[PDB]
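Chains as they are written, first to last, in PDB author numbering: chain H, 72 to 242; chain C, 10 to 196; chain X, 290 to 337; chain U, 194 to 202, 212 to 241.
Below: the structure, in structure tokens.
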Amino acid sequence: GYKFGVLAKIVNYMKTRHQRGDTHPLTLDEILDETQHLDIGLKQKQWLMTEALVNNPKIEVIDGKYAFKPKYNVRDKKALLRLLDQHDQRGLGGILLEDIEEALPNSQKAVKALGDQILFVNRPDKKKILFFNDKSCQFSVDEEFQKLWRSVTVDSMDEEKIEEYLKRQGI
Amino acid sequence: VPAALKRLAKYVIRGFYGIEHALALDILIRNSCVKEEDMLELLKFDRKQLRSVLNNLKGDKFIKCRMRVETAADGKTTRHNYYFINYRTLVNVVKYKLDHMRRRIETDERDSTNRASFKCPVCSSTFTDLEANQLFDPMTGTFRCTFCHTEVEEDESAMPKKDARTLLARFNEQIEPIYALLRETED
Amino acid sequence: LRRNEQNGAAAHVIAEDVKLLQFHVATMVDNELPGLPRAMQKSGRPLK
Amino acid sequence: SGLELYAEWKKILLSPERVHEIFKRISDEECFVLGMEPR
Ligand SMILES: [Zn+2]
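Shown next as structure tokens:
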């Protein structure tokens, strides 16, 4: 445990500590006390202080302490809408639902409030991706027309025919 | 790239394809060419998830792909797939696609004109009015089915004529945005 | 295959379905297909 | 390959529908040249 077990508890405690709502920045000493790993070697303390506590994608140094990046975490409907909107404007794409649910407890309340403004894509691993519904150019057709559309082959044709189909009527 | 081409692509993809196709195409619309790995990371789709979508966009040739090669910082060879939208083939294929619907709709209209009017309730067979002289039995004074030796009805023939027109007619009414976008992009 | 194609199923699914249909059609004509298994009647006897 | 064809120049799967399209375009004269009675 002295090698990875102690550092893992540091990471796990800090990660779980944020789930308790104590978003305030924390120090390694506070985590070492809360994890009772005061006996961890000096080289390990400084290593975790300089690497594990700064390289994690959710941890940032604030006034010399480590914080859970409150600006990145989505915790309200406006932040959810704005983030997806800005992401869509920048072409960044969608965001995994789990990233919001981990940031905002019961994210479904914010998600269901936005409704059709959020587009849900389900990955092969069953995870959901949220996308902004930019209504600049929207169009839909009836099942009969979607059926009609699916009925016509496109790939099993020659390029000559694709061009010929146009000129058949004399254009 | 005229906005009409972008809008046309967005309308047809959203009209007849899933949001995955639209989102993937929107990337190629927002930026003329984007790497498959970039689209993969942007969409966060799986390889087969995105590749199948791209294969569809390749099937209708709405998009084109070219391969670019370069050497990485460590010296290993790298081969990236660059995909791009081909408005020329897109407009050509959609015109074909719609012209095929027109031929199918014309076929469905011609079928609505050729549909049989007389019918047998036993075998559930509908017979064209040309058979009326064969179906009418003077011994009975009415139409009958040779296979079922039972009465053949005719008055229900109004239902298929009226019903089919309702579905077929609405097709032209809803496709108006694409037709307008096409008229605006014929040049 | 009719429902899969009309419903617009996945290309690999439809392709596998066509490949299976292609095998059954060929098997109905000739069972001595090269590089292909013998079509058994599910009881070890090859179908003529 | 098995029960399907491949075309290589660079390699593609050649479907029966693609072959059908090509063959449907072949003329009578070409059929006679190929030794096939078009009728
Ligand atoms: Zn009958």
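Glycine is no exception: its CB is placed at the ideal position from the N, C-alpha and C atoms.
TODO: Give the secondary structure of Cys233 of chain U by DSSP, where H, G and I count as helix, E and B as strand, and everything else as coil.
DONE: helix
- [ ] Report yes if the C-beta of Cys208 of chain H is less than 7 angstroms from at least one heavy atom of ligand 1; otherwise report no.
- [x] no
Task: Own chain residues within Cβ distance below 7 angstroms of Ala125 of chain C, not counting five before or after - done: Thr135, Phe136, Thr137
TODO: Report whether the distance from the Cβ of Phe156 of chain C to the nearest heavy atom of ligand 1 is below 7 angstroms.
DONE: yes
- [ ] Kindly examine ligand 2 and report whether one of its heavy atoms sits closer than 7 angstroms to the Cβ of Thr116 of chain C.
- [x] Among the ligands present in this structure, namely ligand 1, ligand 2 is not found.
Task: Under 8 angstroms (Cβ pairs) to chain A, residues found in the stretch 198 to 231 of chain H - done: Given the protein chain composition of this structure (H, C, X and U), no chain A is represented.
Open item on the list: Does the contact criterion of 3 or more C-beta pairs under 8 angstroms hold for the stretch 87 to 102 of chain C versus the stretch 214 to 234 of chain H?
Closed with: yes
- [ ] Just mark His95 of chain H as buried or exposed, buried being the case when its beta carbon has 16 or more other beta carbons within 10 Å.
- [x] exposed
- [ ] Drop a sphere of 10 angstroms on the beta-carbon of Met168 of chain C, count the other beta-carbons inside from all chains shown, and report buried for 16 or more, exposed for fewer.
- [x] exposed
TODO: Please list, in chain order, all residues of the same chain as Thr80 of chain C whose beta carbon is under 8 angstroms from its beta carbon, the five residues on each side excluded.
DONE: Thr86, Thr87
Task: Listed by chain order, chain H residues near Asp108 of chain C by CB distance under 9 angstroms - done: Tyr236, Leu237, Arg239, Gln240
- [ ] Could you list the residues in the stretch 306 to 318 of chain X with a C-beta less than 7 angstroms from some C-beta on chain U, going in chain order?
- [x] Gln311, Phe312, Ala315
Task: Contact the stretch 99 to 115 of chain H vs the stretch 139 to 154 of chain H: 3+ CB pairs below 8 angstroms - done: no
Task: Residue-chain proximity (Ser217 of chain U, chain H), Cβ-Cβ < 8 angstroms - done: yes
Open item on the list: Please state whether the Cβ-Cβ distance between residue 201 of chain C and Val21 of chain C is less than 8 angstroms.
Closed with: What the structure shows of chain C is the stretch from 10 to 196, and residue 201 of chain C is not part of that stretch, so it cannot be assessed.
TODO: Could you say which of C:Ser121, C:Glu182, C:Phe93 lies nearest to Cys74 of chain C if we only look at CA atoms?
DONE: C:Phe93
Open item on the list: Determine whether the beta carbon atoms of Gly165 of chain H and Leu52 of chain C lie at a separation below 8 angstroms.
Closed with: yes
Open item on the list: Any beta carbon of chain H sitting closer than 8 angstroms to that of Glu197 of chain U?
Closed with: no
Task: Helix, strand or coil at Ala13 of chain C according to DSSP, with G and I counted as helix - done: helix
Open item on the list: My output table needs one value for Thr94 of chain H: the three-state DSSP class, helix, strand or coil.
Closed with: coil
TODO: Going by CA-CA distance only, name the one from H:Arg221, H:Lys86, H:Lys232 that's closest to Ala123 of chain H.
DONE: H:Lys86
TODO: Indicate whether the contact test is met: 3 or more Cβ pairs, each with one atom in the stretch 61 to 68 of chain C and one in the stretch 293 to 307 of chain X, closer than 8 angstroms.
DONE: yes
- [ ] Please indicate yes or no: does the CB of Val131 of chain C lie closer than 7 angstroms to some heavy atom of ligand 1?
- [x] yes
- [ ] Give a yes or no on whether 8 angstroms exceeds the smallest Cβ distance from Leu325 of chain X to chain U.
- [x] yes
Open item on the list: Would you say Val182 of chain H lies against chain C (beta-carbon separation less than 8 angstroms)?
Closed with: no
TODO: Rounded to whole angstroms, what's the CA-CA distance from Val43 of chain C to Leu34 of chain C? Just pull it up for me.
DONE: 10 angstroms
Open item on the list: Can you give me the C-alpha to C-alpha distance between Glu115 of chain C and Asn123 of chain C, rounded to a whole angstrom?
Closed with: 12 angstroms
Open item on the list: Within the continuous beta strand (DSSP E) that includes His89 of chain C, where are the two ends?
Closed with: 86 to 94
Open item on the list: On the CB-based measure, 16 or more other CB atoms within 10 Å of its CB, does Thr106 of chain H come out buried or exposed?
Closed with: buried
TODO: Give the interface partners of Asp196 of chain C over in chain H, defined as CB-CB distance under 7 angstroms, in chain order.
DONE: Here the premise fails: no neighbours, minimum Cβ distance about 12 angstroms.
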